[PDB]
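See below for the structure under consideration.
What is reported rests on the model, the rules as stated and the sources as named; these are not laboratory values. Counting neighbours? That spans all protein chains shown, and the Cβs are built from the backbone with ideal geometry, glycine included.
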Amino acid sequence: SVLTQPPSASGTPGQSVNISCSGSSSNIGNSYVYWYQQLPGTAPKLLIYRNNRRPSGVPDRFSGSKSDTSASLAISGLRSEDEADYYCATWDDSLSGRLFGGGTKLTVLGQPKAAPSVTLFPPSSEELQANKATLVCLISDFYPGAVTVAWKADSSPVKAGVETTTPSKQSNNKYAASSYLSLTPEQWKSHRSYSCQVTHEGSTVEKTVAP
Amino acid sequence: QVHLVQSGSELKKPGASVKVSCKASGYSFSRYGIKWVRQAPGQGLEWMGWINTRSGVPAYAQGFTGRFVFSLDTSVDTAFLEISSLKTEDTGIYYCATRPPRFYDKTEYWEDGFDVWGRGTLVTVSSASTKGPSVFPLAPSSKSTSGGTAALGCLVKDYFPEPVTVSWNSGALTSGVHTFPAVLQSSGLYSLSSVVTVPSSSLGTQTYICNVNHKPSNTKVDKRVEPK
């Protein structure tokens, strides 16, 4: 009924990776497995057809494997251009429909780790006069492109009113993200402080602002 | 080769309807069928079903029946997708693609790169209405920047739909400018910030103004950013 893929995989340039695709007897085993590569902001592109066949143009670095219950995509001599989402696809004969795996987001660590730069702005006096209060936490120059942001009211966590962007690749190939905390002017004024706490690669950077 | 052109981006409100087109060229339209695949933001691929290019008979995957109609205009080689009673969860990119042949020359299709997917049509279902932004100054601070420099900016709050353009000092200030991608709030409204790192010795000498343009609402704001 379903094609099970791990949500993520990682590797450094030159390394070899194996993306798995699990199923049953009615999906994999009797039917052909197809592999698709989806690069950021583009349509899925065929990588492997009929379990292990490479269409014209697909580099030999990509290879497909197939057993009874399982399927696999091996990527040799990994390059930064291979950073994409990989989907396995097969035909369900019992349901007479195409099913895709959930996809595996492969990260290629083709750069050294870069710590995030964090700027925290308190709400402007103009915004307070418009009966609104926004704390602006700007995160930039980090690598790899994944951060976790946590806000604090005084010394306790805040979940409500938090909106964080997905990370995005900057011009310099490093990543940026922003996080916003929506408060009432009353919450801003009645607390001692508010903090934006950014976590990246096991390290934490915290900025605090007070009214 | 085999070509597929998909219609432009669409912004609709919940409960509305949308007609999306996929025009095919460079091959006999009836030789390969057309499949429809959708993808919600940051989510996986959803096979919606297919349309038989010679008979026009559609086939829908579970859940796609009724609300989704697959159509054809064989005289102009165009496949259509119609969605009614649009829900916010219908937001995403809709791809049209050729499907392998039922019987004849299956190998050639795969080998000679006949497996082609369209660029995709983004369908945005949102309750939000056209709104210009409220622009707030973000007063200079030297706490998170290099020595002898201060970070100042502009909060571009609550606008719809995208985009906004942000410049500084009418295009005369370009160095050290960082305009961040927008957040989308639960209200369906966007917000973004633009920040600029300037010399600390230029504050109170050099005037800093962020120019914000929001073409959909016909709104232009020139916000003076003063030291607090």
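Observations on the structure shown:
- Residues that are more than 20 Å from A:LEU95 (Cα to Cα) and not charged (D, E, K, R), drawn from region B:35-68: B:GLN39, B:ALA40, B:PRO41, B:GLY42, B:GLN43, B:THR53, B:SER55, B:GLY56
- Spans of strands (runs of 3 or more DSSP E) in region A:74-153 with at least 2 residues within 13 Å of chain B (Cβ to nearest Cβ), without any contact (Cβ under 8 Å) to a residue 12 or more places away in the chain and at negative phi: A:97-100
- Note on region A:155-173: residues that are charged (D, E, K, R) and surrounded by 12 or more Cβ atoms within 10 Å (Cβ to Cβ) amount to 2.
- Test: B:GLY33 is without any contact (Cβ under 8 Å) to a residue 40 or more places away in the chain and within 26 Å of A:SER96 (Cα to Cα): no
- Test: residue in region A:160-176 that is among the aliphatic types (A, V, I, L, M), touching a residue at least 24 places away in the same chain (Cβ under 8 Å) and either in contact with a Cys (Cβ under 9 Å, 6 or more places away or on another chain) or within 14 Å of B:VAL183 (Cα to Cα) (or both): yes
- Restricting A:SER195, A:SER190, A:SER124 to those that are crowded, with 17+ Cβ neighbours inside 10 Å, more than 22 Å from B:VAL156 (Cβ to Cβ) and hydroxyl-bearing (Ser, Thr, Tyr) reduces the list to A:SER195.
- Against the numbered list (1) within 13 Å of chain B (Cβ to nearest Cβ); (2) buried (at least 17 other Cβ atoms within 10 Å of the Cβ), A:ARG50 comes up short only at (2).
- Among the candidates B:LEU189, B:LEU203, residue that is touching a strand residue (DSSP E or B) at 6+ places or on another chain (Cβ under 8 Å), surrounded by 15 or more Cβ atoms within 10 Å (Cβ to Cβ) and within 11 Å of chain A (Cβ to nearest Cβ): B:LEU189
- Condition broken by A:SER56, with the remaining ones in (1) closer than 24 Å to B:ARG38 by Cβ; (2) within 12 Å of chain B (Cβ to nearest Cβ); (3) in contact with a helix residue (DSSP H, G or I) (Cβ under 9 Å, 6 or more places away or on another chain) satisfied: (1)
- The lone criterion from (1) hydrophobic (A, V, I, L, M, F, W, C); (2) in contact with a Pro (Cβ under 6 Å, 6 or more places away or on another chain); (3) away from chain B (no Cβ under 11 Å) left unmet by A:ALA71 is number (2).
- For region B:168-184, the criterion of being assigned to a loop (DSSP other than H, G, I, E, B), buried (at least 19 other Cβ atoms within 10 Å of the Cβ), among the aromatic types (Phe, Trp, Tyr) and assigned by CATH to the domain that holds B:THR207 is met by at least one residue.
- Of all residues in region B:12-23 being aliphatic (A, V, I, L, M) and surrounded by 18 or more Cβ atoms within 10 Å (Cβ to Cβ), the one that is nearest to B:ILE51 (Cα to Cα): B:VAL20
- Among the residues examined, A:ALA71 qualifies as touching a strand residue (DSSP E or B) at 6+ places or on another chain (Cβ under 6 Å) and more than 30 Å from A:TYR143 (Cβ to Cβ).
- Residues of region A:154-211 that are in a loop (DSSP other than H, G, I, E, B), within 11 Å of another protein chain (Cβ to nearest Cβ) and under 23 Å from A:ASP141 (Cα atoms): A:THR165, A:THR166, A:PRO167, A:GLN170, A:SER171, A:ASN172.
- Residue match in region B:137-151 (condition: outside the structural domain of B:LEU11 (by CATH), more than 30 Å from A:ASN52 (Cα to Cα), within 29 Å of the chain's Cα centre (by Cα) and surrounded by 15 or more Cβ atoms within 10 Å (Cβ to Cβ)): yes
- Pairs meeting the criteria (first residue in region B:1-21 and of a type in the set (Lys, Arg), second residue not in a loop (DSSP other than H, G, I, E, B), beta carbons under 6 Å, at least 6 apart or on different chains) are B:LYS12/B:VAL18; B:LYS12/B:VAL125; B:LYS19/B:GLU82.
- Qualifying residue in region A:81-99 (condition: among the hydrophobic types (A, V, I, L, M, F, W, C), surrounded by fewer than 19 Cβ atoms within 10 Å (Cβ to Cβ) and under 18 Å from the mean Cα position of the chain (by Cα)): no
- Filter pass, B:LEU173 being within 20 Å of A:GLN170 (Cβ to Cβ) and within 11 Å of another protein chain (Cβ to nearest Cβ): no
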